[PDB]
């Protein structure tokens, strides 16, 4: 029930009262802590400034234009080969194998690699991806 605008706890009292100089010691230690924090603030601010100077220019220039492709469902021989390779590299990021094929969706890829099981030894390709 202390007053409003006043902050008084048992512990803090006992701390500031325990010694004849405890008050000034506590206060001036906190004082020092504050300087320390703000020294490190300035440190890190200069660090991050340097890093941001590095990132000047963003990534705009090695971006590649986006293209849309209507998702067909007829697997072309070329698309099947692309898919086998994309498995060997991306394993089971089939979103990504759809991305590389470009003209397939994630469910059509997922099908494919039951569709063709035996025929493209896809099990073995995956095994190889895992080493």
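Numbering follows the first chain given and starts at 1.
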{"query": "Segment of higher mean CA temperature factor, 67 to 75 or 84 to 92", "finding": "67 to 75"}
{"query": "99 to 107 or 43 to 51, whichever carries the higher mean Cα B-factor", "finding": "99 to 107"}
{"query": "CA B-factor placement of residue 126, once the chain's modelled residues are sorted into thirds", "finding": "highest"}
{"query": "Chain-relative CA temperature factor third for residue 56", "finding": "highest"}
{"query": "Chain third (lowest, middle, highest) by recorded CA B-factor, residue given as residue 115", "finding": "highest"}
